[PDB]
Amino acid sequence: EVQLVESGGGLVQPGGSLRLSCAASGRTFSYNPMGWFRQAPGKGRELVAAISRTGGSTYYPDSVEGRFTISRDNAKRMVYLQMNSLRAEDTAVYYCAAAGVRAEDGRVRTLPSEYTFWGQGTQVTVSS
């Protein structure tokens, strides 16, 4: 139905910067609300960033306000995670997801169970 492909992960210096890309494809793709999640060593999946269908609305947990900007370009069927002033704890596998529950409503989605389609993951390691 929906295929999501993350790219652009790698190693960075603490306080460094990194842009993640996600290429969305498939017939049923309708510019769904999207979200970036992560799994850090020994931890559950965390939503770090969510965006409405149009991009006019965004959600980040207070913990990461100022360190992540989610954006999207619907003409290219892309979504992005700008990572800024990176820390040790930002080391994790980063997943791009899309809401398939009531897709017609393109408002930002914070409930992780409403995210239905998932990419393969991209590793970000913040080290020396």
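Throughout, we count residues from 1 along the sequence that is shown.
Averaged over their C-alpha atoms, the temperature factors of 100-108 and 8-16 are higher for 8-16. Just going by the entry, 87-95 versus 46-54 on mean CA temperature factor gives the higher value to 87-95. Placement of the Cα temperature factor of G35 within the chain: middle third of the modelled residues, per the deposited record. Split the chain's modelled residues into thirds by C-alpha temperature factor. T116 is in the lowest one.
Per-chain ranking of the deposited C-alpha B factor places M78 in the middle third.
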